[PDB]
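Peer 1: Start counting at 1 in the first sequence, then tack on 109, and there's your number in PDB author numbering. Think of the CB as a built atom: it goes at the ideal place given N, C-alpha and C, for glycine as much as any other residue. Below is the structure I would like to discuss, written out as structure tokens.
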Amino acid sequence: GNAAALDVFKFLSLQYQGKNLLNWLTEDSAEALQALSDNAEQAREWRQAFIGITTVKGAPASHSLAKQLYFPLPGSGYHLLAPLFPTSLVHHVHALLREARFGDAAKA
RNA sequence: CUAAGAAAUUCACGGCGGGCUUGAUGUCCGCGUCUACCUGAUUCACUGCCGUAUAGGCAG
Numbered sequence: 110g111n112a113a114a115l116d117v118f119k120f121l122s123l124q125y126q127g128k129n130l131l132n133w134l135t136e137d138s139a140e141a142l143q144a145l146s147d148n149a150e151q152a153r154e155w156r157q158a159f160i161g162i163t164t165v166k167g168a169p170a171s172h173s174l175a176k177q178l179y180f181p182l183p184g185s186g187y188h189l190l191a192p193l194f195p196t197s198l199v200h201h202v203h204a205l206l207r208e209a210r211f212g213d214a215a216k217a
């Protein structure tokens, strides 16, 4: 999304009590939905806004510039199989490679 | 029915200034290489004659 809009993500990435405020907003809790408000229904619509950062917006779509690749089924069929780029897996493998190449226990 | 399908890197250029690598040196003792064979498979497609012949035949 927008790079100037990442203040919401820096606000959601806080580890205030023992966990993220995101997962505190997923489950029903008394400390949740009451700290950030003085009205009830306003806190409900703020929850339904703030929990929507993990929900896909819009109809499912893969662009013409995106990749989608037929896969033959065992009987006579095909599935379209549009693959996406795993940025979390690339970030995990990239962190593993930087830790194995540049880490303190590797430099030792 | 292929991480499918698509694509102009390109223009120009002074690397050269200079130089002592030197001395010195024990390679060295010793040694069983034997054994046994078909080059011959048509392996020399030859030399010459009659004929105008390259076509064809003939002699040794």
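Let me confirm a value: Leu174 is counted as buried when at least 16 other C-beta atoms fall within 10 Å, else exposed. Which label applies?
Peer 2: Burial call: exposed.
Peer 1: May I have the straight-line CA-CA distance separating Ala209 from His201, to the nearest angstrom?
Peer 2: Each residue's Cα considered, the two are about 12 Å apart.
Peer 1: According to DSSP, simplified to helix, strand and coil, what is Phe118?
Peer 2: Three-state DSSP puts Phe118 in a helix.
Peer 1: Within a Cβ cutoff of 8 Å, which residues of the same chain sit near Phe118, ignoring the five residues on either side of it in sequence?
Peer 2: Excluding sequence neighbours, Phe118 sits near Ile162.
Peer 1: For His172, name the three-state secondary structure that DSSP assigns.
Peer 2: Here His172 sits in coil by DSSP.
Peer 1: Check this for me: beta carbons of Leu123 and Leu130, under 8 Å apart or not?
Peer 2: Yes, Cβ-Cβ distance for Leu123 and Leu130 is below 8 Å.
Peer 1: Near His188, which residues of its chain fall below 8 Å by C-beta distance, leaving aside the five closest residues on each side in sequence?
Peer 2: Same-chain partners within the cutoff: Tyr179, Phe180, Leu182.
Peer 1: I need the DSSP call for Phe211, collapsed to helix, strand or coil.
Peer 2: Looking at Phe211 - three-state DSSP - the assignment turns out to be helix.
Peer 1: In chain order, what residues of the same chain have a beta carbon less than 7 Å from the beta carbon of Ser171, not counting five sequence neighbours either side?
Peer 2: Taken in chain order, the residues that qualify are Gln177, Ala191.
Peer 1: Report the rounded CA-to-CA distance for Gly212 versus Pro195, giving the unit in angstroms.
Peer 2: C-alpha separation (whole angstroms): 24 Å.
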